[PDB]
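In terms of the entry's author numbering, the sequence shown opens at residue 530 and continues consecutively. We put the CB at the ideal spot given by N, CA and C, even for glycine.
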Amino acid sequence: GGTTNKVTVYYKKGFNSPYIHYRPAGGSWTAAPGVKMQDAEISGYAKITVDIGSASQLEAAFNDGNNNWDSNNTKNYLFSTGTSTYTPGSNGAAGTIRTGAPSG
Numbered sequence: 530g531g532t533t534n535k536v537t538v539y540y541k542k543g544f545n546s547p548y549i550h551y552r553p554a555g556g557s558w559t560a561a562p563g564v565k566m567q568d569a570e571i572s573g574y575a576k577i578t579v580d581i582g583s584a585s586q587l588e589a590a591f592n593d594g595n596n597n598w599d600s601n602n603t604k605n606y607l608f609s610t611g612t613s614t615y616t617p618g619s620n621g622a623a624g625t626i627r628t629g630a631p632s633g
């Protein structure tokens with residue numbers, strides 16, 4: 530079903546110009562690379578919105594665009610509509626997403 534929802538994910542930059550690739554509940558894989566993280570509204574942050582007028586979960590991946598992919602522990606993660614935050618992490622955090630509107 531689903532009408533027309535959207536998934537907002539905030540990514541913490543970063544590198545230089547990394548690209549993100551996501552798709553609807555295992556449906557179609559947008560033109561790789563998906564889309565270039567859209568800067569947020571904070572300062573130095575990134576944000577992207579994906580519609581899912583039928584999908585309740587969408588997967589997104591992170592790649593520098595140079596054979597530098599950063600899936601997770603298999604392929605990717607499942608994200609739902611609302612507010613989410615994508616963080617690659619450096620410490621003992623291998624690809625993690627935190628729900629809730631981020632603030633700095």
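Please tell me whether residue i and residue j are closer than 8 angstroms, where the distance is taken between their beta carbons.
| i | j | result |
| --- | --- | --- |
| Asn602 | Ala589 | no |
| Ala575 | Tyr539 | yes |
| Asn534 | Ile581 | yes |
| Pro631 | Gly594 | no |
| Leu607 | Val536 | no |
Any idea what DSSP makes of residue i, helix, strand or coil?
| i | result |
| --- | --- |
| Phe544 | coil |
| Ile571 | coil |
Does the beta carbon of residue i sit closer than 8 angstroms to a beta carbon anywhere in chain D?
| i | result |
| --- | --- |
| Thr614 | Looking for chain D here will not work: only one protein chain is present. |
Output the boundary residues of the beta strand (DSSP E) element that contains residue i.
| i | result |
| --- | --- |
| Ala630 | Where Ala630 is concerned, there is no enclosing beta strand (DSSP E), given that its DSSP letter is neither H nor E. |
| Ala589 | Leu587 to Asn592 |
| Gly611 | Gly611 to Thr616 |
From residue i to residue j, what distance separates their C-alpha atoms?
| i | j | result |
| --- | --- | --- |
| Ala623 | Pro617 | 6 angstroms |
| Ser600 | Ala561 | 14 angstroms |
| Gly531 | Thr610 | 11 angstroms |
**Request:** Report yes or no: do the stretch 618-630 and the stretch 542-554 share at least 3 C-beta pairs separated by less than 8 angstroms?
**Result:** Between the stretch 618-630 and the stretch 542-554 there are fewer than three C-beta pairs closer than 8 angstroms, too few to call the two in contact.
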